[PDB]
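Novice: One structure, as structure tokens, below. Some questions next.
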Number of protein chains: 2
Amino acid sequence: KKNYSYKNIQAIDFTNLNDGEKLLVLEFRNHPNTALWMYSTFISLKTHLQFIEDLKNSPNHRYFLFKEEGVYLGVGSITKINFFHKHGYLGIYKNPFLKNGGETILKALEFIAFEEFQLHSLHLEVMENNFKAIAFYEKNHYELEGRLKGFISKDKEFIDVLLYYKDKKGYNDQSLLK
Amino acid sequence: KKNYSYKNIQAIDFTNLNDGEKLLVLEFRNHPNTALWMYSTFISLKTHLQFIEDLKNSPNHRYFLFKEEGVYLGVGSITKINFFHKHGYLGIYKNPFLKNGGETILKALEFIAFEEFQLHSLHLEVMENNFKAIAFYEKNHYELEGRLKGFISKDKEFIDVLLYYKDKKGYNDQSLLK
Ligand SMILES: CC(=O)SCCNC(=O)CCNC(=O)[C@H](O)C(C)(C)COP(=O)(O)OP(=O)(O)OC[C@H]1O[C@@H](n2cnc3c(N)ncnc32)[C@H](O)[C@@H]1OP(=O)(O)O
Ligand SMILES: CC(=O)SCCNC(=O)CCNC(=O)[C@H](O)C(C)(C)COP(=O)(O)OP(=O)(O)OC[C@H]1O[C@@H](n2cnc3c(N)ncnc32)[C@H](O)[C@@H]1OP(=O)(O)O
């Protein structure tokens with residue numbers, strides 16, 4: 001339950017958020033630009049505060065608020081971590097008031113996952129209609145590995161979740177080639 | 001947190017297990033024939049008892065001990081349930097001292113998932129080297145939808161998890177054709 005540093009980027013564990021930061025995360029999370037692409041649309045403050053409390057005893061779920069030179073970039077998570085099998089799932093939503101930031105969050109987040117946690121593989125669940133996220137991860141060398149068919153209810157139809165992954169060798173190859 | 005009935009089969013929620021049944025489940029679970037195919041190999045009694053306690057406040061995770069005319073058939077679960085999106089994951093291990101039983105557990109379990117819970121889809125994670133389980137689900141009309149690549153550590157190598165699913169229409173088609 002500690003923070004991390006990558007370049008001039010800080011990853012603030014959710015369990016170390018000051019009270020302003022707790023509300024900022026909630027604002028980021030409930031914004032239409034974020035919520036539309038989440039499994040649940042709206043998080044009450046009560047739910048949010050409880051979630052953060054529960055994270056204190058949930059070492060397999062790590063949420064970070066990313067900050068860089070005074071700017072809050074957005075949120076990244078590494079979840080359903082398993083340390084024997086060395087896998088985890090990645091999640092990101094950027095500050096909805098900023099034009100970019102996702103790339104920076106991803107780089108720091110992958111540093112944490114592959115170097116600090118020494119994970120072997122990272123997996124992604126992304127809604128099949130989330131074209132901006134799909135393109136984003138494909139550009140970052142994430143590779144398609146399947147679907148969860150009809151996993152999501154959207155506008156009264158069931159649509160798919162897409163599954164992507166990156167392993168440690170892939171991560172290494174990116175870094176060897178600067 | 002209630003039990004269910006399907007034909008002459010009882011599904012006993014883990015939160016309603018008598019103390020003998022709690023130890024029987026643990027015996028089923030830690031047996032080499034079960035454990036070899038689980039994400040974790042060995043569950044201590046302490047962990048087990050805590051797990052059952054936590055299930056009392058975990059409506060999205062349902063574990064059942066199946067019994068039929070005095071015979072304990074094994075365990076089935078419907079987990080990571082989401083009631084807006086109407087999905088869940090299925091899991092089974094039979095009484096390792098019996099030659100069959102999986103089929104019976106599956107039928108009752110699918111009844112619970114699709115009729116009682118009214119889920120739209122059920123998903124499976126199965127280790128790629130688990131040939132007996134693979135054949136079993138394929139025979140029961142589960143359909144391949146992808147992989148979690150290198151998800152599992154086995155004998156110091158990383159192997160894959162296979163993803164399968166069945167939806168409500170598939171379930172219906174089976175039942176229409178008796
Ligand atoms: C596995 C999962 O995490 S699934 C859930 C994914 N999360 C979400 O969908 C939440 C909503 N979306 C986001 O948080 C983000 O858009 C992410 C994390 C998906 C991607 O991060 P982004 O910063 O948006 O990366 P992206 O490549 O799409 O940025 C757009 C680029 O074009 C510009 N741009 C900004 N907005 C847009 C836009 N709507 N359309 C096209 N270009 C845009 C930007 O300037 C940026 O380029 P630059 O940094 O060089 O200046
Ligand atoms: C998504 C998930 O749940 S993944 C984890 C799956 N669970 C496990 O791997 C735990 C260990 N294995 C099991 O629990 C079970 O074997 C299951 C649930 C996978 C399948 O249930 P089973 O009862 O074994 O079904 P299966 O079709 O393989 O039964 C074997 C059949 O051939 C006979 N048979 C019994 N043992 C064997 C055996 N080792 N090999 C071949 N045939 C056998 C049986 O008589 C049975 O037929 P019958 O009921 O008509 O008499």
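Identifiers for the structure tokens are assigned positionally: chains receive A, B, ... in sequence, residues are indexed from 1 per chain, and ligands are indexed from 1 in the order shown.
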Can you pull out every residue with an atom within 9 Å of ligand 1? Use only C-alpha atoms and all ligand atoms and format it as an MDAnalysis selection string.

Specialist: chainID A and resid 29 32:38 74:77 89:96 98:106 123:127 130:137 139 163:164

Novice: Once you have the residues from the selection above, write them out as a tab-separated table (two decimals), in the first residue's frame, restricted to N, CA and C atoms.

Specialist:
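Result file is again_4.tsv:
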```tsv
chain	number	residue	atom	x	y	z
A	29	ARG	N	-14.39	9.71	-12.36
A	29	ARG	CA	-15.03	8.42	-12.57
A	29	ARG	C	-16.48	8.57	-13.02
A	32	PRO	N	-19.46	11.62	-17.73
A	32	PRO	CA	-20.03	10.86	-18.85
A	32	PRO	C	-18.94	10.26	-19.74
A	33	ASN	N	-17.88	11.03	-20.02
A	33	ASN	CA	-16.77	10.54	-20.83
A	33	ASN	C	-16.06	9.31	-20.24
A	34	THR	N	-16.17	9.11	-18.93
A	34	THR	CA	-15.57	7.94	-18.32
A	34	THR	C	-16.60	6.84	-18.17
A	35	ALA	N	-17.74	7.24	-17.62
A	35	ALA	CA	-18.77	6.33	-17.13
A	35	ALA	C	-19.37	5.49	-18.23
A	36	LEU	N	-19.48	6.11	-19.40
A	36	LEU	CA	-20.05	5.45	-20.57
A	36	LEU	C	-19.29	4.17	-20.91
A	37	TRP	N	-18.01	4.12	-20.56
A	37	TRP	CA	-17.17	2.98	-20.89
A	37	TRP	C	-16.88	2.07	-19.69
A	38	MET	N	-17.53	2.31	-18.56
A	38	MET	CA	-17.34	1.48	-17.36
A	38	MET	C	-18.44	0.44	-17.20
A	74	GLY	N	-5.13	11.31	-14.40
A	74	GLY	CA	-6.23	10.36	-14.44
A	74	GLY	C	-5.90	9.17	-13.57
A	75	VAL	N	-6.62	8.07	-13.79
A	75	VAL	CA	-6.53	6.90	-12.92
A	75	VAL	C	-6.08	5.66	-13.70
A	76	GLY	N	-5.25	4.84	-13.06
A	76	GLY	CA	-4.85	3.55	-13.61
A	76	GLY	C	-4.94	2.48	-12.54
A	77	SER	N	-5.29	1.26	-12.94
A	77	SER	CA	-5.38	0.18	-11.97
A	77	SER	C	-4.74	-1.11	-12.49
A	89	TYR	N	-4.87	-7.52	-14.38
A	89	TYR	CA	-5.64	-6.79	-15.37
A	89	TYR	C	-5.37	-5.30	-15.27
A	90	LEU	N	-5.31	-4.65	-16.41
A	90	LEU	CA	-5.03	-3.23	-16.41
A	90	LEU	C	-6.30	-2.42	-16.74
A	91	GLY	N	-6.40	-1.24	-16.17
A	91	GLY	CA	-7.52	-0.36	-16.44
A	91	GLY	C	-7.05	1.08	-16.36
A	92	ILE	N	-7.63	1.94	-17.18
A	92	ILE	CA	-7.25	3.35	-17.25
A	92	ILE	C	-8.46	4.22	-17.56
A	93	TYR	N	-8.60	5.33	-16.86
A	93	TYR	CA	-9.36	6.44	-17.44
A	93	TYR	C	-8.64	7.74	-17.16
A	94	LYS	N	-8.49	8.55	-18.20
A	94	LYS	CA	-7.80	9.81	-18.09
A	94	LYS	C	-8.70	10.88	-17.49
A	95	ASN	N	-8.07	11.93	-16.98
A	95	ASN	CA	-8.75	13.16	-16.62
A	95	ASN	C	-9.62	13.59	-17.80
A	96	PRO	N	-10.94	13.54	-17.62
A	96	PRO	CA	-11.86	13.81	-18.74
A	96	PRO	C	-11.82	15.27	-19.19
A	98	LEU	N	-8.96	16.78	-19.79
A	98	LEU	CA	-7.73	16.92	-20.57
A	98	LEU	C	-7.79	16.14	-21.88
A	99	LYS	N	-7.04	16.61	-22.86
A	99	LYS	CA	-7.15	16.08	-24.21
A	99	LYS	C	-6.40	14.76	-24.34
A	100	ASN	N	-5.29	14.63	-23.63
A	100	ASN	CA	-4.52	13.38	-23.64
A	100	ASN	C	-4.20	12.94	-22.22
A	101	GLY	N	-3.08	12.25	-22.02
A	101	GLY	CA	-2.74	11.75	-20.71
A	101	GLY	C	-2.77	10.23	-20.56
A	102	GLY	N	-3.58	9.55	-21.37
A	102	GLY	CA	-3.66	8.10	-21.32
A	102	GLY	C	-2.32	7.41	-21.52
A	103	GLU	N	-1.53	7.93	-22.45
A	103	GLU	CA	-0.28	7.29	-22.82
A	103	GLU	C	0.68	7.31	-21.64
A	104	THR	N	0.70	8.44	-20.95
A	104	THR	CA	1.57	8.63	-19.80
A	104	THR	C	1.17	7.74	-18.65
A	105	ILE	N	-0.13	7.67	-18.41
A	105	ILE	CA	-0.61	6.76	-17.39
A	105	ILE	C	-0.20	5.33	-17.74
A	106	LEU	N	-0.37	4.94	-19.00
A	106	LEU	CA	-0.08	3.57	-19.39
A	106	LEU	C	1.38	3.23	-19.12
A	123	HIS	N	-3.61	-8.33	-18.72
A	123	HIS	CA	-4.77	-8.51	-19.57
A	123	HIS	C	-5.75	-7.32	-19.45
A	124	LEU	N	-6.51	-7.12	-20.52
A	124	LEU	CA	-7.44	-6.01	-20.70
A	124	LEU	C	-8.83	-6.55	-21.04
A	125	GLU	N	-9.86	-5.98	-20.43
A	125	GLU	CA	-11.21	-6.16	-20.95
A	125	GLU	C	-11.66	-4.83	-21.53
A	126	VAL	N	-12.06	-4.81	-22.80
A	126	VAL	CA	-12.56	-3.57	-23.39
A	126	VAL	C	-13.84	-3.81	-24.20
A	127	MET	N	-14.84	-2.98	-23.97
A	127	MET	CA	-16.11	-3.07	-24.68
A	127	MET	C	-15.88	-2.95	-26.19
A	130	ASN	N	-16.01	0.43	-27.81
A	130	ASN	CA	-15.13	1.47	-27.31
A	130	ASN	C	-13.93	1.71	-28.25
A	131	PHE	N	-14.21	2.30	-29.42
A	131	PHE	CA	-13.23	2.35	-30.51
A	131	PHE	C	-11.99	3.15	-30.16
A	132	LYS	N	-12.16	4.19	-29.37
A	132	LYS	CA	-11.02	5.01	-29.01
A	132	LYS	C	-10.06	4.19	-28.12
A	133	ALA	N	-10.59	3.44	-27.16
A	133	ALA	CA	-9.73	2.62	-26.29
A	133	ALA	C	-9.05	1.47	-27.07
A	134	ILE	N	-9.85	0.79	-27.89
A	134	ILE	CA	-9.33	-0.26	-28.75
A	134	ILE	C	-8.12	0.22	-29.54
A	135	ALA	N	-8.28	1.33	-30.24
A	135	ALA	CA	-7.19	1.84	-31.08
A	135	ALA	C	-5.98	2.13	-30.20
A	136	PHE	N	-6.25	2.78	-29.07
A	136	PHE	CA	-5.21	3.13	-28.10
A	136	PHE	C	-4.37	1.93	-27.66
A	137	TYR	N	-5.01	0.85	-27.25
A	137	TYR	CA	-4.23	-0.28	-26.78
A	137	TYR	C	-3.54	-1.02	-27.93
A	139	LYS	N	-2.35	0.34	-30.61
A	139	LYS	CA	-1.14	1.12	-30.84
A	139	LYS	C	-0.06	0.82	-29.82
A	163	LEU	N	-10.83	-9.05	-25.40
A	163	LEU	CA	-9.71	-9.35	-24.53
A	163	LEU	C	-8.37	-9.13	-25.23
A	164	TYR	N	-7.50	-8.37	-24.57
A	164	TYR	CA	-6.17	-8.06	-25.07
A	164	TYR	C	-5.13	-8.39	-24.00
```

Novice: From a backbone DSSP assignment, name each residue in region 19-147 of chain B labelled helix (DSSP H, G or I), as a PyMOL selection string.

Specialist: chain B and resi 19-30+32-35+45-55+102-116+131-139

Novice: For chain A, which of B:118, B:153, B:50, B:30 is the closest residue, counting only C-alpha atoms?

Specialist: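 The answer is B:153, which sits nearest to chain A.
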
Novice: List every residue of chain A that has an atom at most 6 Å from any atom of chain B, giving for each one its closest atom pair and the distance in Å to one decimal, counting only C-alpha atoms, sorted by chain and then by ascending residue number, as JSON lines.

Specialist:
```
{"residue": "A:85", "atom": "CA", "partner": "B:153", "partner_atom": "CA", "distance": 4.8}
{"residue": "A:145", "atom": "CA", "partner": "B:147", "partner_atom": "CA", "distance": 5.5}
{"residue": "A:146", "atom": "CA", "partner": "B:146", "partner_atom": "CA", "distance": 3.6}
{"residue": "A:147", "atom": "CA", "partner": "B:145", "partner_atom": "CA", "distance": 5.5}
{"residue": "A:152", "atom": "CA", "partner": "B:85", "partner_atom": "CA", "distance": 5.2}
{"residue": "A:153", "atom": "CA", "partner": "B:85", "partner_atom": "CA", "distance": 4.8}
```

Novice: Taking only C-alpha atoms and all ligand atoms into account, which of B:25, B:73, B:108, B:177 comes nearest ligand 2?

Specialist: B:73

Novice: Among chain B, which ones does DSSP assign to strand (DSSP E or B) (computed from the backbone)? Answer as a ChimeraX atom specification.

Specialist: /B:4-6,9-13,62-68,71-82,87-94,121-127,143-154,157-167

Novice: Using C-alpha atoms, can you write the selected residues to a file as a short mmCIF file (atom, residue, chain, number, x, y, z; two decimals), in the first residue's frame?

Specialist:
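Once everything was written out, this is selection06.cif:
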```cif
data_model
loop_
_atom_site.label_atom_id
_atom_site.label_comp_id
_atom_site.auth_asym_id
_atom_site.auth_seq_id
_atom_site.Cartn_x
_atom_site.Cartn_y
_atom_site.Cartn_z
CA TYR B 4 -32.14 -24.58 -4.56
CA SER B 5 -33.80 -27.66 -5.89
CA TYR B 6 -33.57 -29.20 -9.34
CA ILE B 9 -31.00 -32.72 -6.58
CA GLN B 10 -30.33 -30.27 -3.77
CA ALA B 11 -27.99 -27.32 -4.10
CA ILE B 12 -26.86 -26.35 -0.62
CA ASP B 13 -25.51 -22.82 -0.42
CA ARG B 62 -22.56 -18.35 -5.09
CA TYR B 63 -21.16 -21.72 -4.05
CA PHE B 64 -23.23 -24.86 -3.71
CA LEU B 65 -22.67 -28.36 -2.41
CA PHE B 66 -24.79 -30.74 -4.46
CA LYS B 67 -26.52 -33.70 -2.88
CA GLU B 68 -28.75 -36.40 -4.33
CA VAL B 71 -24.81 -38.86 -2.05
CA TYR B 72 -22.70 -35.71 -2.07
CA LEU B 73 -21.99 -35.14 -5.78
CA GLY B 74 -19.48 -32.31 -5.54
CA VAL B 75 -19.36 -28.53 -5.78
CA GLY B 76 -20.60 -25.99 -8.33
CA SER B 77 -20.29 -22.21 -8.36
CA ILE B 78 -21.68 -19.22 -10.20
CA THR B 79 -19.34 -16.30 -9.62
CA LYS B 80 -18.55 -12.72 -10.57
CA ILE B 81 -22.29 -12.39 -11.11
CA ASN B 82 -23.48 -9.05 -12.45
CA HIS B 87 -23.35 -12.57 -16.75
CA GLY B 88 -21.56 -15.01 -14.49
CA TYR B 89 -18.78 -17.61 -14.41
CA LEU B 90 -19.33 -21.27 -13.80
CA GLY B 91 -17.09 -23.67 -11.89
CA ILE B 92 -17.38 -27.34 -10.93
CA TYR B 93 -15.48 -30.03 -9.15
CA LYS B 94 -17.04 -33.42 -8.53
CA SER B 121 -24.50 -15.70 -20.37
CA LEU B 122 -22.23 -18.08 -18.48
CA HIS B 123 -18.49 -18.08 -19.00
CA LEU B 124 -15.78 -20.64 -18.15
CA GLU B 125 -12.06 -20.40 -17.51
CA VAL B 126 -10.32 -23.73 -18.06
CA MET B 127 -6.59 -24.55 -18.07
CA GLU B 143 -18.33 -22.66 -27.15
CA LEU B 144 -14.74 -21.41 -27.40
CA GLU B 145 -14.45 -17.61 -27.27
CA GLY B 146 -10.75 -17.00 -26.69
CA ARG B 147 -7.80 -17.38 -24.35
CA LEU B 148 -6.04 -15.74 -21.48
CA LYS B 149 -2.52 -16.24 -22.82
CA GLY B 150 0.20 -17.36 -20.44
CA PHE B 151 -2.26 -16.78 -17.59
CA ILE B 152 -1.20 -19.76 -15.52
CA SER B 153 2.09 -20.85 -14.02
CA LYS B 154 2.51 -24.60 -14.27
CA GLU B 157 6.17 -22.59 -17.59
CA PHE B 158 3.31 -20.22 -18.37
CA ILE B 159 0.36 -21.92 -20.05
CA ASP B 160 -3.02 -20.65 -21.25
CA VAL B 161 -6.50 -20.47 -19.86
CA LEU B 162 -9.24 -21.33 -22.36
CA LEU B 163 -12.44 -19.32 -22.40
CA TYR B 164 -15.82 -20.93 -23.13
CA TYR B 165 -19.40 -19.71 -22.88
CA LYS B 166 -23.08 -20.60 -23.19
CA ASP B 167 -25.92 -18.09 -23.47
#
```

Novice: With only C-alpha atoms and all ligand atoms as the atoms that count, which of B:24, B:45, B:109, B:55 lies nearest to ligand 2?

Specialist: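 With only C-alpha atoms and all ligand atoms as the atom set, the closest residue is B:109.
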